[PDB]
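> Turn this into a structure:
(8 chains, ligands or ions: 35)
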Amino acid sequence: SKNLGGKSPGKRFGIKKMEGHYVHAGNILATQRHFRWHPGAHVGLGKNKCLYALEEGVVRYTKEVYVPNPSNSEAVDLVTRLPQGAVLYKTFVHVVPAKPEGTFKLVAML
Amino acid sequence: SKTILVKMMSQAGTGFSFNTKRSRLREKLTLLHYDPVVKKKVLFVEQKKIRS
Amino acid sequence: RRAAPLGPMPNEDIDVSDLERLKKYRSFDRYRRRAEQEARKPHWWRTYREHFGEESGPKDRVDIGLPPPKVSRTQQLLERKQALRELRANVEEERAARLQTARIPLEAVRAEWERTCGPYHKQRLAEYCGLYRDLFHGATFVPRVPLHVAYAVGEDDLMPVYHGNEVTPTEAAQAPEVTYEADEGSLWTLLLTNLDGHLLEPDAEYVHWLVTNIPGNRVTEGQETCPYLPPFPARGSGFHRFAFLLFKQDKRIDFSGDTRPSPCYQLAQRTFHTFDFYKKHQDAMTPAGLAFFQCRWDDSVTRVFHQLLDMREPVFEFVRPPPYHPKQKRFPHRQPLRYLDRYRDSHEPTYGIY
Amino acid sequence: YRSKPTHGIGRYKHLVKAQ
Amino acid sequence: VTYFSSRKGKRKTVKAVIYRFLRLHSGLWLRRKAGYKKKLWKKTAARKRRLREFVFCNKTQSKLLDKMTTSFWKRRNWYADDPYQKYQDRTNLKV
Amino acid sequence: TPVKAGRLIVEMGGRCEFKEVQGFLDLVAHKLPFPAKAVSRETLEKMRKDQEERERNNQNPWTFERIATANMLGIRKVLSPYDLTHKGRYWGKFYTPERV
RNA sequence: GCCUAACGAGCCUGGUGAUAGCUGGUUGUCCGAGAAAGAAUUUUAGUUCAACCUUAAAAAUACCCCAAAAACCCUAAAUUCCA
RNA sequence: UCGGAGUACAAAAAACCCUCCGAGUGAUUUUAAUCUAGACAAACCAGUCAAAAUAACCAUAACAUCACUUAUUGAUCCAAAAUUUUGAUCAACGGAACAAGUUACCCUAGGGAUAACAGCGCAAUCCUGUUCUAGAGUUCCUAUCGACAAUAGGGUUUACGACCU
Ligand SMILES: Nc1nc2c(ncn2[C@@H]2O[C@H](COP(=O)(O)O)[C@@H](O)[C@H]2O)c(=O)[nH]1
Ligand SMILES: [Mg+2]
Ligand SMILES: [Mg+2]
Ligand SMILES: [Mg+2]
Ligand SMILES: [Mg+2]
Ligand SMILES: [Mg+2]
Ligand SMILES: [Mg+2]
Ligand SMILES: [Mg+2]
Ligand SMILES: [Mg+2]
Ligand SMILES: [Mg+2]
Ligand SMILES: [Mg+2]
Ligand SMILES: [Mg+2]
Ligand SMILES: [Mg+2]
Ligand SMILES: [Mg+2]
Ligand SMILES: [Mg+2]
Ligand SMILES: [Mg+2]
Ligand SMILES: [Mg+2]
Ligand SMILES: [Mg+2]
Ligand SMILES: [Mg+2]
Ligand SMILES: [Mg+2]
Ligand SMILES: [Mg+2]
Ligand SMILES: [Mg+2]
Ligand SMILES: [Mg+2]
Ligand SMILES: [Mg+2]
Ligand SMILES: [Mg+2]
Ligand SMILES: [Mg+2]
Ligand SMILES: [Mg+2]
Ligand SMILES: [Mg+2]
Ligand SMILES: [Mg+2]
Ligand SMILES: [Mg+2]
Ligand SMILES: [Mg+2]
Ligand SMILES: [Mg+2]
Ligand SMILES: [Mg+2]
Ligand SMILES: [Mg+2]
Ligand SMILES: [Mg+2]
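Residues are numbered from 1 along each chain as shown, chains lettered A, B, ... in the order given. Ligands and ions are numbered 1, 2, ... in the order given. Structure data below:
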C-alpha cells in the first residue's frame, strides 16, 4: 500500500504534578517534547527536557519574562528583532520550599 | 562506507578495554580516556578489531 | 471556551500592522533592561514575586526618626554645578583620564558618604539584616548621626565596627571607644544588644552594655545602667548580631526600673526587649545613630561561661531533617536490592530466637 | 491554557516576521 | 511442573528457575536485569547501571516462582560468608 | 465548494429594478442543490427583521435555547453540543427558517 | 484398479481411557454479592498478564469537589487538578 | 518492528488493508566516570529522568554536539573471546536451533463466528416519473425531443453488507 508505519504509542508527555501539590525532591513535575513549561526556582531541567523538583515543597506555575542566554544564537536573534516595547513571556514551574533548611539542637552542655 | 567496532586498550598497563565505532577508511584510533583502576585520564590505543 | 483578560495584556499596546516602521532594540542588552523593568511591575497574574515572599510587599512605615536636615535645593545645585565646571576645566585632569591613570582619595569619599547618603545605605543594610524587625517590629529610622565604634586589640591596633561587619569576641572583651558629633545642651543614651543568643526566650535579647544621660560626645561621663559584658555566642550556633543604638534624649531621664547591679553576671537579670524599653521612654528618646556587627563563637568565650556566669558551656549542632522515604511495600517491584536498606533500623545482624 | 484569562501571554510570533 | 512424580509421587522443582532467581526467606525473589551482558558499547553508562542491578519481582511473579519451586528452596539458610544473609529478614514493615 | 446556509452565491448589481433580476434569478436558484431564494437588500433585511420580531413576539415560554442551555429534563443527552449554537434552527445540513 | 459388500492403502488384536484450543453433555433446595475486553502471543475458535470482580483481613480517608493552576497562530462540548 | 504530524480541537490514553512524512544511521571531538535520595513510564519484559556523595581534570572543573533528534533497533539459551567483551533483514522485528509444493482421490473435527444459492438491508449502478429551459424542430422551448442541472419515488440488474440457514 502507499501509507505505512503511522503506528506508534503515545509518549505520555504531560504535566505530572499540578499547582498546589506537595512534592519531594526528585519528583518529575512535567515531561515534554518541546519546551512548553520552563523550569523556574528550585526546579531542575533534565536532558530530555523534563522538569523535576530539587527541593521538598509546593509546586507553583507562573508567567514570567524570558531573557535567553547570550550563548544561544537563535533566541538572541528572536529577542533582537522585537519592537522596542515588547517583552517575551513564558510559563515557569517553581517549588516553594517547605521544610526549614535545618535546625540547631543542643548537643552537650559542658 | 562502513564503520567498525574496535577494542581499545589502555597504555596504563591496567587491562581495561572499551569498544568504539570508528571509520573503516580512517587511521588506527588513539584517544585520551578514563581508566577506572588507575583512576586517571590516560592514553588508549586500539588493540584489536572486534566487529565490522 | 475563552475567558477575558483582567486588565492589560503585556504586548497588546504596540501595532502589528506595519511592523517595518517600528523601531527595534537590535541590542541584547536593551532587551535585558526593558525586561528587568517589566519584571518589577505589579501584574494581575500569578507571579514569582507573589509566591516567593517580597516580605510583606507594600508596607506603610511607622517612622521614628530624627527629622531630615533642611538644605536649600537651588543653592546646593549651583555650588555643585560650579565645582564640576572647575574640575572639568583643568587639563591635568583630562590627561589623568585618557591615560588611564587616576585615583580617588577614598577617605574623603567615605567622609562625603557619611555626610550625605550614608544614613540611607546604613538604613537599608539594617533592614537587610532585620534590625528593625527584631527591635521596633515595624519601625524604620534613618541613622542621621554617624556612630563610630572601635575596639582596642592591642596598643597600636584598632578594630572598627561598621554596620554588618564581623568581629571576634577576643577583640570585644573590653568596652569600645565611641565617637559621634554633638555640642552640649545634649543628652544621649547608648545601647548594646545581642539580638539573638538568648537561651530560653526566642523573642527576647540580652543587654550587654547600657549607658545613659550622656553629655555631648563624652562617653565615660554618663551613668552606666548596665556594665559592659563581653559578647558570648554559643559554640554551635553561628553568627549572632550585636547592635549599637544611639538615642537623642531631651529631658534627663532616671530609671531605677532599668538599673542593674554593678557586677550583674546573671542572665535572668539581663533579658531585654528593645521595643518595650523604647515604649517606656518614647517621648524623650528618639533613636539617632546605629552600628552593628556579626559575631561567632571563638576560644575566649569558653572562659566567660565558666568564669563569669558560673555556668556550664552550652554547645549546639546543625541538624538536618531525616531523609524522606515512601511507605515500604511488601513486594517492592523492579527496585534495586539496596532498597531493603533504606528501611533498615540499624546495621547489625539480629538473630531473633537463635 | 485556553480556558484561562492569561491565555496567549507568551504569544510572540506576530511581533517578529520571519518567513 | 510435575505435581506428582513417577517414582516418588512427590512434586518436582523446575530447575530453570533455580538458575536465574534467588529466594530470600521473606518471600521476596531477586533477579538480574535482562540483556545486561548484551551489546554494551551501544548503550549509555546510565542505562548500563540500570542494567547491572539486582531487582525484586512483583507479587504475581513471586507466587508463580514459588509454585514452580519445591519446599527445599524456601528453607532458612545460614551460609558462612554469605553476602545476602543481611537481607533475608524484613524490618519495619507496617501493613 | 462547500456552501453553508445563509451565504450569498451570486451577486448582481445594476440600474435594474429587482423584479427582472428576480424573475430569471429564481431559475438559477431553483437549479442549485440546496434550497435557495432570490433577494435584494430590502428583501433580506425584511426577512431578518421579521426573523427577530417573530422571536420577541413568541407566546410560549419554552424555547429551544432556554431549555438546551439550562439542560432541562437532562435534554443535553439527546442533543449534540453544536445545538447550543444552532438552537434547533439548523438540523444537519437542513435549515428551517420558521424555527425561531 | 483389485487384494472377502467402506482400499489415496486390508482386517483384527495390542499400544489405548491415543490426542482433540473443536462440538455435545454435566444430576437436591434456598440465600449473599456479581462480571463486555488494555497488553503480548504460528496469536486473534486459545492462553498468560493488567483493569474490574468475589471471599476473608487490616487500615484511612475515599468519591463529590469553589477560587488559584496546566503553550507556543486560530480553535468547541469540555477535561485535568483540588478545599 | 521503531519514530514525527493528522485522525485524537484544551491532562493522559485511544482504532482502521485510515491520511501524510520518515528510521534500520552518518559526521564530528567536547571520548562523554563511580555511586546513589526521589520519581516518570509501565500487564510482564523492557524503557526513561535525576539531587547529594565520591574520583577525574581549571586545582570549590560531570547534559558529548549536529542532521525536524524523535527513530537509527533485538530477549533467553548457545557459541566464539579470556578479563572483559563481541555475535542475527532471529525484518513473521516478545525472536521455533534447523522444514516447500499439491490434492477434483481426499479424510476428520467444527463454523452460518465465514463464502457460493435464495432471503433481508442499502440503492453506488439500474428504472420510473415530475421540475428547469438553453437548444434541436425552416419560423416556433415543451407536436415530437431536450444538454447543464433539480425533486421524489421503484426495488429487475451487477455489486456492496455478512443478519437467518
Ligand atoms: N547470530 C546468533 N545465532 C544464534 C544465537 N544463539 C543461537 N544461535 C543459533 O546457533 C546456530 C549457529 O550455527 P550457524 O548456522 O550460525 O553456523 C544457528 O542456528 C543460530 O540461529 C545468537 O545469539 N546469535
Ligand atoms: Mg500517531
Ligand atoms: Mg497504538
Ligand atoms: Mg538637587
Ligand atoms: Mg433545489
Ligand atoms: Mg473390505
Ligand atoms: Mg478426550
Ligand atoms: Mg484456537
Ligand atoms: Mg453446535
Ligand atoms: Mg451486565
Ligand atoms: Mg512466534
Ligand atoms: Mg487475571
Ligand atoms: Mg476548578
Ligand atoms: Mg479532595
Ligand atoms: Mg504513574
Ligand atoms: Mg553531583
Ligand atoms: Mg511472530
Ligand atoms: Mg510479534
Ligand atoms: Mg511491544
Ligand atoms: Mg520454543
Ligand atoms: Mg480430474
Ligand atoms: Mg487421477
Ligand atoms: Mg466432514
Ligand atoms: Mg452470518
Ligand atoms: Mg463475530
Ligand atoms: Mg446449495
Ligand atoms: Mg450471484
Ligand atoms: Mg433457492
Ligand atoms: Mg447473497
Ligand atoms: Mg431463508
Ligand atoms: Mg429508495
Ligand atoms: Mg431554433
Ligand atoms: Mg426480490
Ligand atoms: Mg449498497
Ligand atoms: Mg459485523
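> how about stretch F:64-84, does it reach RNA strand H?
No - Stretch F:64-84 stays clear of RNA strand H (CB under 7 Å from any atom of the strand), getting no nearer than 8.0 Å. Using the backbone N, CA and C atoms, a C-beta is placed for each residue, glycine as well.
> is RNA strand G contacted by that stretch?
Yes - residues of stretch F:64-84 are located near RNA strand G by CB under 7 Å from any atom of the strand, namely F:81, F:84.
> what does that stretch contact?
Outside of stretch F:64-84, the residues within contact range by CB atoms under 8 Å, 6 or more residues apart in numbering or on different chains are F:87, F:88, F:89, F:99, F:100.
> closest to chain D among those?
The nearest member of these to chain D, counting by CB to the nearest CB, is residue F:87 at 23.7 Å.
> Endpoint to endpoint, stretch A:23-31 covers what distance?
End-to-end distance of stretch A:23-31: 16 Å, with CA to CA, to the nearest Å as the criterion.
> repeat for stretch C:345-352
Across stretch C:345-352, the terminal residues are separated by 15 Å (CA to CA).
> middle-most residue in the chain, spatially?
Picked chain A for this. Averaging the C-alpha coordinates of chain A gives a centre point, and the residue nearest to it by CA atoms, centre = their mean is residue A:39 (2.3 Å).
> Chain B was what I was after
With the centre of chain B defined as its mean C-alpha position, the nearest residue by CA atoms, centre = their mean is residue B:8, 2.3 Å away.
> My reading is that that one lies in a helix. Confirm?
No - assignment of residue B:8 by DSSP: H, G, I helix; E, B strand; the rest coil gives strand, placing it outside any helix.
> my guess is it contacts residue B:16, does it?
No - under the criterion of CB atoms under 8 Å, residue B:8 makes no contact with residue B:16, lying 9.1 Å away.
> one step back: would you mind measuring from the residue nearest to the centre of chain B to chain D?
46 Å (CB to the nearest CB, to the nearest Å).
> what does residue C:12 give?
When CB to the nearest CB is applied, the distance between residue C:12 and chain D equals 10 Å.
> residues near that residue, how many?
The criterion is other CB atoms under 10 Å in any protein chain shown. On that basis, residue C:12 has 7 neighbouring residues.
> roughly how far apart are it and residue A:87?
Applying CB to CB, to the nearest Å, the value for residue C:12 to residue A:87 is 12 Å.
> got it, and residue C:267?
Shown here: residue C:267 relative to residue A:87, a distance of 56 Å by CB to CB.
> Quick check: residues of chain A near chain D?
Within chain A, the positions near chain D by CB under 8 Å from any CB of the partner chain are A:63, A:66, A:78, A:81, A:82, A:83, A:86, A:88, A:89, A:90, A:91.
> could those go into TSV alongside secondary structure?
Formatted as TSV, the entries for these read as follows, by three-state DSSP:
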residue	secondary structure
A:63	strand
A:66	coil
A:78	helix
A:81	coil
A:82	coil
A:83	strand
A:86	coil
A:88	coil
A:89	strand
A:90	strand
A:91	strand
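> re the thing from before, just want to know which of residue C:267 and residue A:87 has more residues nearby.
residue A:87 (19 against 15).
> most distant residue from the middle of chain F?
Farthest-out residue of chain F from its mean C-alpha position, per CA atoms, centre = their mean: residue F:15, at 28.5 Å.
> ok so, going back, and the residue nearest to the centre of chain B, what are its bridge partners?
Note on residue B:8: beta-bridge partners by DSSP bridges are residue B:18, residue B:46.
> Figure out how far stretch E:39-59 is from the centre of its chain.
Averaging C-alpha coordinates over stretch E:39-59 and over its chain gives two centres that are 17 Å apart (CA atoms, centre = their mean, to the nearest Å).
> go on, stretch C:150-165?
When C-alpha coordinates are averaged (CA atoms, centre = their mean), stretch C:150-165 and its chain have centres 19 Å apart.
> From residue B:52, how far off is the closest residue to chain D within chain B?
Across chain B, no residue is closer to chain D than residue B:1, which sits at 37.0 Å (CB to the nearest CB). In this structure, residue B:1 lies at 12 Å from residue B:52, with CB to CB as the measure.
> Next, show the common contact partners of the two.
residue B:24.
> who's more crowded, those two?
Here residue B:1 and residue B:52 are compared on neighbour count by other CB under 10 Å; more neighbours surround residue B:52, at 9 against 5.
> Any chance of the backbone angles for whichever residue of the stretch 201-350 of chain C sits closest to RNA strand H?
Ranking the residues of the stretch 201-350 of chain C by distance to RNA strand H (CB to the nearest atom of the strand) places residue C:326 first, at 3.8 Å. Residue C:326 adopts backbone torsions of phi -60, psi 160, taken as degrees, to the nearest 10.
> residues contacting it?
Taking CB under 8 Å, 6+ apart as the test, residue C:326 contacts no residue whatsoever.
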